[PDB]
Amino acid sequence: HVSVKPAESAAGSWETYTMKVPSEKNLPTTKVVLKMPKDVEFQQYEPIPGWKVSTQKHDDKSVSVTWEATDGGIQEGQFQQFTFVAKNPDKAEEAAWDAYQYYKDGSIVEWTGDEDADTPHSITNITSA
């Protein structure tokens, strides 16, 4: 499960988020793509050895962040935490973190389902402090 924490954050604030990516197959995870939630504005990422970070501007004036493995990636029995800063929207909302986990064999696990699904997205509730 690719999760993003904290699960609660203040509206309008610049929040430090942490994405946790655990290995769930017997082969390396080589790429993670995270969609920014609606009205959540990506700002900065924390560099990490063995990974390079890039941003993509979707056709809808939205942003994804790609963590690409420059070394071997997340091996079996490993997990990695990625930290970044994003500006929360000023209006309260349920922010969903659609994440896509790329394995070396070409398989992609889509952590995009509802909170009850087998592969759910994690959710941050953004409310006024």
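Numbering starts at 1 and runs along the sequence shown.
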query	finding
57 to 65 versus 28 to 36 - which carries the larger mean C-alpha B factor in the record	57 to 65
Mean temperature factor over C-alpha atoms, higher-scoring stretch between 69 to 77 and 93 to 101	69 to 77
Identity of residue with top Cα B-factor, from 126, 123, 2, 129	129
Cα B factor band for residue 117 (lowest, middle or highest third within the chain)	highest
Record-listed C-alpha B factor of residue 107: chain third	highest
Within-chain third of residue 16 by Cα B-factor, per the entry	lowest
